[PDB]
Structure formats: C-alpha cells, structure tokens
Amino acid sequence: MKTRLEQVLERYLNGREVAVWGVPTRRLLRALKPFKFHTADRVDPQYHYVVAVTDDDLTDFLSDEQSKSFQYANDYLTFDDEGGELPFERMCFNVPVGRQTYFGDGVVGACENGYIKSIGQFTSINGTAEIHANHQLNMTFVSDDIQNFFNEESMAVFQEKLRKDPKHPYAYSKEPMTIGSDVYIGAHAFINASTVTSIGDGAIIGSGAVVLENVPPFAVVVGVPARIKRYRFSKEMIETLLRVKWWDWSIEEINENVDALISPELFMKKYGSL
C-alpha cells in the first residue's frame, strides 16, 4: 500500500530528484524505490524535492536558509508524518482521509489494523488518541496471542467462533468505523473499535474520554466512560448542517461564505430555511 509520501511524490515530484534530509530508514528506501533520490546537500526547488525523514529533520530543514524557496507538499514533506494534513484527499493504509484532517500514530495503526472505514474532512485528532478493539470476552481465555500456539484446525475453530461473537471482538462481523468531518478528538482519548461504528460529523471527543458507543453528530462527549455533555448546536441547526455539508464546499465557496462559517448565527439565517 502507498505511503503518504509516495502519494505526494506521485503528484508533485515532476521529474525532480528526491533530496533526503536526514538519516534514511528501511521504510523510506522502500517508499523511494520508484524514484531517483540522493542525500541532501545543496537543494534547489527547481531540481530537488526535499524529504525530511523525521519531524526532527523537518525542523532542521525549515531552519535552513535553503528552505525559504520550498513550499509545503509541493516541494517538501516529512516521511514520518503519515497522519499529517494535506489539502487534498489521501489514503492511509487504504483508508480514505479527507482534506485538512490530521491524526497521530495510534490512528495510523488503527487504519492499518482495518478498524476505520474513512476519516472525514477538516477533522482534528490529537496525536495521543487511541483506537483499539476488545479481545473475546466470553471464552475460557481472554488472551489473543494464545492463538500463536493453535495449529491450522484449532485456529479455524477459533476464527469461526470469533466471527459469530455478537460483541465483535477484534472488530469482527461489524463495519469499520467512519469518522466524520469537522470532528475534534482530544488528547489521550480512546475509541473502542468493537462497539463503535460512527463518530458523527461535528462531534467533539473530550480529552481522556473513553468512547464505547457511537457519538451522534455534533455531540460533545467526555468522561470515562464517555457520555454526552451537550450538543454544539440545536437539533434544527444540526439538521441544517447535515443538509448543507459545508465540508464539501469549494475553496472558493469557503472564502465566499466565510462569514457563515465564522458566525453560526448567520449560518442558520442563510441555510435554515431556503
């Protein structure tokens, strides 16, 4: 599956050479195999695309005077930033991720594990958020790695009964969860991939909240376990938001109607009734 960097390079390299800014990794060299690359030294954006390996390397690059002529994404990127935002849709382990949406390594892993169907646009997920599923809870054992001792027959029996568990251990027999648009998820939050299939548009998940059920659109959930504290707007305004879907607007429309985005009062004016 294509990394974030390979997707961006396919868009913007345009015959240039990749300039590696930092110590390379095995994952990086695997991602760069379709491209010509060399260790960075003197870089010019007309001939070079700069790939910082770590966030540390990018900080060093953007402190260098050579970085002044390089534009984000168009001319440079960070390889170890699989959850970093882009102004266009991208895949993360074959999970669609909307524009201006960012998340951390826990959600990257959740995407790799198959727990996520899609992540919406303009969605903000703190880097320490975590998404994981339950082990089986109604067998004699709760361990998962005991299966490393199962031969082919025993594993097939184990896998079949896992698929029949209505509690969806390891997120079996359930839809991967959709994370909506204009969503905010606080630091150290947790979402249970066994029992959650939807984080609705506009939802806010508080810091440290342990989410065990679907979060309705524009609901604000906090606590352990997470419960609804309030809604961001009235139900009439929420229904208007779900009809207008400003997160699908053009960049020109976003600037044209920035006053409605900045003022919920004006938004309900224009769109609530006609």
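We call the rigid core whatever largest set of C-alpha positions still superposes within 1.5 Å between the two forms. Numbers follow the displayed sequence, beginning with 1.
- Comparing 214 to 222 with 32 to 40 by root mean square Cα distance to the shown form in 7 other deposited structures of this protein, with the rigid core used for the fit, gives 32 to 40 as the more displaced stretch.
- With 199 to 207 and 153 to 161 as candidates, the stretch whose CA atoms show the greater average offset from this form in 7 other deposited structures of this protein after a core fit is 153 to 161.
- According to the PDB record, 67 to 75 carries the higher mean C-alpha B-factor of the two stretches 106 to 114 and 67 to 75.
- Taking the PDB entry as given, 166 to 174 carries the higher mean Cα B factor of the two stretches 166 to 174 and 121 to 129.
- As recorded in the PDB entry, 62 shows the highest C-alpha B-factor of the residues 215, 62, 52, 28.
- For residue 160, the recorded CA B-factor ranks within the highest third of the chain. Only modelled residues enter the ranking.
- Annotation for residue 34: C-alpha temperature factor in the highest third relative to the rest of the modelled chain, per the entry.
- In the PDB entry, residue 270 places in the highest third of its chain by CA B-factor.
- When the modelled residues of the chain are ordered by C-alpha B-factor, residue 205 sits in the lowest third.
- When the CA B factors of the chain's modelled residues are split into thirds, the value for residue 220 lands in the lowest one.
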